[PDB]
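Report on the following structure.
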Amino acid sequence: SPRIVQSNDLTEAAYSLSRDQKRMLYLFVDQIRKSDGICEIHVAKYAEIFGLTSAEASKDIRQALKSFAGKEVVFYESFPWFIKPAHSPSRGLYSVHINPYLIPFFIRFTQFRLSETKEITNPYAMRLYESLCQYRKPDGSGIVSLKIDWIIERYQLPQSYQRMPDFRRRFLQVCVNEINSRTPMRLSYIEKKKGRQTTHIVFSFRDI
DNA sequence: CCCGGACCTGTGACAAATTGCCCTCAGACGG
DNA sequence: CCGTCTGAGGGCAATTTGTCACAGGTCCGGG
Ligand SMILES: [Mg+2]
């Protein structure tokens with residue numbers, strides 16, 4: 001299946017995208033990399049990749065696309081994703097205008113096969129699997145320590161998850177569970193503390 | 001000695017949002 | 001021209017995600 005690659009600067013960038021928008025984003029990166037910034041999406045091709053009907057595909061593309069307006073990307077400098085609205089010349093076909101200034105940030109890199117992520121539902125969990133891959137070894141294992149405040153900024157978790165028990169229950173446990181249930185990776189963790197405060201989360205993983 | 005207060009934890013409610021489903025009906029194409 | 005495959009619309013209830021009040025732990029410094 002298609003092998004996604006992206007600069008680590010994008011993996012660690014700050015942004016908020018839905019699953020459907022992130023799903024579309026993978027195809028843009030695939031299209032762009034296999035070469036001005038003008039990409040295209042066919043309804044019927046999208047449907048076959050993610051096992052959806054044409055109708056629900058159409059609904060997902062259409063609503064994702066109009067929700068891009070005003071979205072911005074921060075590299076620690078802010079940029080908009082799109083500089084022109086989407087439009088359909090033909091039935092079943094969409095044409096999109098990615099900000100050409102994003103190109104160099106697209107192409108010290110991260111890689112994963114698309115089948116690894118296409119069953120994930122929660123977008124924050126898609127971002128965690130993208131951030132673990134950045135440190136993965138050939139054989140398929142790795143271990144990395146991420147700071148909680150940096151997790152909150154980079155993934156832009158909503159504000160009420162600054163209370164740690166809500167963070168645990170509605171983000172961490174759920175996203176660890178899906179990965180273990182929906183990917184070929186087996187993930188565990190432990191909490192790092194300083195006094196009463198939890199400061200980092202330590203992830204360990206292996207393949208198969 | 002024990003207090004109220006500033007911290008920490010997990011859970012129960014409810015509100016807002018998202019999931020995969022369903023139904024209708026005209027466009028684009030080829031038989 | 002019509003019968004069929006698409007896909008652009010309109011909806012639903014069942015789940016997930018996002019928010020906050022309240023009980024219950026600790027340690028500190030004042031009474
Ligand atoms: Mg959907």
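FYI, nothing fancy with the structure tokens labels: chains A, B, ... in order, residues from 1 per chain, ligands from 1 as they appear.
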
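Near region 5-20 of chain B, within a cut-off of 8 Å and counting only C-alpha atoms (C1' of nucleotides), sit the residues residues 165 and 196 of chain A; 15, 16, 17, 18, 19, 25 and 26 of chain C, with same-chain residues fewer than 2 positions away left out.
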
- Message: Show me which residues line ligand 1, defined as having an atom within 8 Å of a ligand atom where only C-alpha atoms (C1' of nucleotides) and all ligand atoms count, and present them as a ChimeraX atom specification.
- Response: /A:20,56-57,59-60 /B:19-20

Output file for the selection above: C-alpha atoms (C1' of nucleotides), as an mmCIF file, in the first residue's frame:
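The resulting file, part27.cif, is shown below:
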```cif
data_model
loop_
_atom_site.group_PDB
_atom_site.id
_atom_site.type_symbol
_atom_site.label_atom_id
_atom_site.label_comp_id
_atom_site.auth_asym_id
_atom_site.auth_seq_id
_atom_site.Cartn_x
_atom_site.Cartn_y
_atom_site.Cartn_z
ATOM 1 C CA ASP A 20 -11.287 12.878 7.179
ATOM 2 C CA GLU A 56 -20.320 8.657 2.517
ATOM 3 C CA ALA A 57 -17.068 9.358 0.684
ATOM 4 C CA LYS A 59 -20.035 13.539 2.315
ATOM 5 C CA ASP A 60 -16.623 13.148 3.957
ATOM 6 C "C1'" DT B 19 -19.695 7.604 13.877
ATOM 7 C "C1'" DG B 20 -21.601 4.343 10.048
#
```

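Between CA of residue 95 (chain A) and CA of residue 39 (chain A) the separation is 6.1 Å.
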
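Among the candidates A:90, A:6, A:160, A:197, the residue lying nearest to chain C is A:160 (atoms considered: only C-alpha atoms (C1' of nucleotides)).
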
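With only C-alpha atoms as the basis for measurement, A:121 is the residue among A:54, A:11, A:121, A:21 that approaches residue 174 (chain A) most closely.
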